[PDB]
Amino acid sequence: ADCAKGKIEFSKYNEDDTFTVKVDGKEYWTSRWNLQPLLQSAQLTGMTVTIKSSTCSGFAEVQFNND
């Protein structure tokens, strides 16, 4: 399911080495480290991200689109 679609409103590196993003007013986190630079880049360049997951908590699938 497409859990959230939009711009990253903020990102956060967490003490447990996960990474949180807020998208369309909802917070989601991922434990996949390579998503940390990918998400921060999307946030900086204004990409639309689509957080995807079987339960929309944690995610490990996300689509990146230029604005």
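Start at 1 with the first residue shown and count on from there. Take the two forms, find the largest set of C-alpha atoms that superpose within 1.5 Å, and that set is the rigid core.
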Which is farther from the shown form in 5 other deposited structures of this protein in C-alpha RMS with the core fitted, 47-55 or 17-25? 47-55
What does the record say about the segment between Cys56 and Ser57: how many deposited residues are without coordinates (none, 1 to 3, 4 to 9, 10 or more)? 1 to 3
Quick one: higher average CA temperature factor, 10-18 or 47-55? 47-55
According to the deposited model, is the average Cα temperature factor higher in 36-44 or in 23-31? 23-31
